[PDB]
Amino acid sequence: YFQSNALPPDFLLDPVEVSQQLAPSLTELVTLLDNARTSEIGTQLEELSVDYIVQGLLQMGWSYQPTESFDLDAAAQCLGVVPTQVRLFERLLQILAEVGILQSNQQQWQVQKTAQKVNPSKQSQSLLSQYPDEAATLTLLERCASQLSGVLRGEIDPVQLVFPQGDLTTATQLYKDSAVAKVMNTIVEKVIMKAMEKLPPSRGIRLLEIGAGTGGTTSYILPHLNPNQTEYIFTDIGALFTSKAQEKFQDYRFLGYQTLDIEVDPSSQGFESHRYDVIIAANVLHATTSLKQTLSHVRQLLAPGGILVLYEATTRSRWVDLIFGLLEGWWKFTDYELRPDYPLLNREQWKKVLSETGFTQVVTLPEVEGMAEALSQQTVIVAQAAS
């Protein structure tokens, strides 16, 4: 029975082996997603996003006419974009170019077509009656994007728009109970419960969640953990998040709460190096300045042979730009050799930097043949600390 608990968690299954065994469960799980419905709603949200950008630009006095060329800074200064929001402002122009309203050569911008009248809020409500199931996303897009000009002009701290004290959950319902998040979060749970199904009765398991928010992904895991054999450290950079979560999860008695900034050495923050079996980071690692230093801090927490579970969006999204792209974390990135103009990585980029930062046996999920395109826009990545 008893082997020494000081020795590494050799009992953990391999991510590839976990992926193999869950494969039939995933082929049934991804068909529960509506191919057309989540595709329809995705396209329309990208069209709505344009409306919000045009609405916001006009409210700042945008007066540029077709053929006219302007400089990015000059336009920012004209419309009153505060200096810290010009990165976001550039991306909003890049989006107008994708749809043909603007064109870009050099760092100069030329108007192609005059933008027409928009009422994105009237159209938002239409979408809400059509698709009440994505109400969290439209409500949050409404609160953040219908205030874009306030944000670009620095009159609103976007934190109060995305994560105000009186409402941290709306941003979590997006991460937790959207159609796609339900699939991805179930994978996170099934992966974690499969990886540990060989845990000796003699040994406890230690999990640590980075950037856990108010527990969007956490809530999928906790119902399956064995309180007698588990320690679960709920961390976030913000104390308001851990405090709301402690309220939500108060009757799970095996939970620890603590604050962690994954951009600074976790050992300087009260965390033991290389003594966590499983690290969860859902939708957080991208929001840092250097993925290599961030992933090296993550690696520093993992026991030899321990498991990282990552949940990340992998594609550009205009409606996401109008919510989380308002925040500092979205544009923190400075590792331009890897991330030239957007904080997110695709599946192949994530595998690459993970192998460079001391991980192996990297799996990306789901990978099912006829799955919805929307399942290719997000991924669960499982990787093993390379002993």
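We number the residues from 1 along the sequence you see.
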property: 86-94 set against 263-271, stretch whose average Cα temperature factor tops the other in the entry; result: 86-94
property: 352-360 versus 64-72 - greater average Cα B-factor per the deposited record; result: 64-72
property: Residue with maximal Cα B-factor (values as given in the PDB entry) among 283, 288, 218, 178; result: 178
property: Per the PDB entry, maximal CA B factor within 305, 227, 213, 166; result: 166
property: Residue 22, C-alpha B-factor rank within chain (lowest, middle or highest third); result: lowest
property: Position of residue 294 among the chain's modelled residues by C-alpha B-factor, lowest, middle or highest third; result: lowest
property: Ranked against its chain, the third holding the CA B-factor of residue 154; result: highest
property: Assigned third (lowest, middle, highest) for the C-alpha B factor of residue 120; result: middle
property: Where the record places residue 377 (Cα B-factor, split into thirds across the chain); result: middle
